[PDB]
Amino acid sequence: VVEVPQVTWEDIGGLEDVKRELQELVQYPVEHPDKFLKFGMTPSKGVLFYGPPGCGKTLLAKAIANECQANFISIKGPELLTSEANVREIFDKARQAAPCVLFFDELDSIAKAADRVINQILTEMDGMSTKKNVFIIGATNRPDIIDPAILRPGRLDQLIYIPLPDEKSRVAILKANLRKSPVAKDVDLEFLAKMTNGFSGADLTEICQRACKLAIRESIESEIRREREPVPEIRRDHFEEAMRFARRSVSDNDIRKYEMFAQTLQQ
């Protein structure tokens, strides 16, 4: 399906510099048109996100579409395998759905036939002006095998690191998830953040989902019992039980590999 996503910048904890950079990348062409005309600036054709799984790459792509009130089309890397015309088709449909964000997920899979699924993607990108109002986003968990051809001027304009959340970002992720939830006053999310070093955004969200269901299931059984004979909160003891089912999904060794890649870039 194609639609304007409902996720916003507010649903995304941490990454405040990245969000700043992205909002400008898409707000300046429409907020400062005369300056873009005066100096010969062209809008960006897209960006490439890299980092460990479950830390916000997909969320940021949907939030860019929501900011621009644009349709969102998601394409999974391994699904381009059945046929070089499939890269042709998907760009046609993005063009038809403009203004549109076209998101290529799981691109590390293509980087390992597949050699000109790539060549067709690079072809479709060069033959699409920015006046077509399609914004391309790719994401990968394997930055070491990126073909630098995709980052040349005229294709994806910047490579952006989305890291595991630090302690402050873990508090923000928890708060954004629970933004519209009835959390008990005995709940200390800053202590929860301190006990989840190494957790991804997805790992933290699973704790929140488990704790919400425990409170709902408890509410069901309490009312069943009272009928023999006031919104209920998610309490500290629901989070205590939910943390029993929790552990990181990204190993210490992969984390070292991401940090080396980004530090050597001076990024």
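All residue numbers are counted from 1 along the displayed sequence.
A.B. asks: What number of deposited residues lacks coordinates in the span between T82 and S83: none, 1 to 3, 4 to 9, or 10 or more?
C.D. replies: Unmodelled stretch: 4 to 9 residues.
A.B. asks: Zero if continuous, otherwise a range: how many residues of the deposited sequence are missing coordinates between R179 and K180 (none, 1 to 3, 4 to 9, 10 or more)?
C.D. replies: Per the record, no deposited residues are absent between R179 and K180.
A.B. asks: Got a sec? Mean C-alpha B-factor, which is higher, 138 to 146 or 115 to 123?
C.D. replies: Per the PDB entry, the higher value belongs to 115 to 123.
A.B. asks: Comparing average C-alpha B factors as deposited, tell me which of 23 to 31 and 64 to 72 sits higher.
C.D. replies: Between 64 to 72 and 23 to 31, it is 23 to 31 that shows the higher mean C-alpha B-factor.
A.B. asks: Would you mind finding, among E240, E206, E223, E233, the residue with the largest C-alpha temperature factor in the entry?
C.D. replies: By C-alpha B-factor in the record, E223 ranks first.
A.B. asks: For the listed residues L48, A211, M41, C55, which one has the largest C-alpha B-factor as given in the deposited model?
C.D. replies: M41 has the highest C-alpha B-factor of those listed.
A.B. asks: Consider only the C-alpha atoms of the modelled residues in this chain, order them by B-factor as the entry records it, and name the third containing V1: lowest, middle or highest.
C.D. replies: For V1, the deposited C-alpha B-factor lands in the highest third.
A.B. asks: Among the modelled residues of its chain, does the C-alpha B-factor of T264 lie in the lowest, middle or highest third?
C.D. replies: Tercile = middle for this residue's CA B-factor.
A.B. asks: So where's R95 on the chain's Cα temperature factor ranking, which third?
C.D. replies: Middle third, going by the recorded CA B-factors of the chain.
A.B. asks: Looking at the entry's B-factor column for C-alpha atoms only, identify whether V171 ranks in the lowest, middle or highest third of its chain.
C.D. replies: Lowest third, going by the recorded CA B-factors of the chain.
A.B. asks: Hey, what third does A246 fall into on Cα B-factor, ranked over its chain?
C.D. replies: According to the entry, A246 has a C-alpha B-factor in the chain's highest third.
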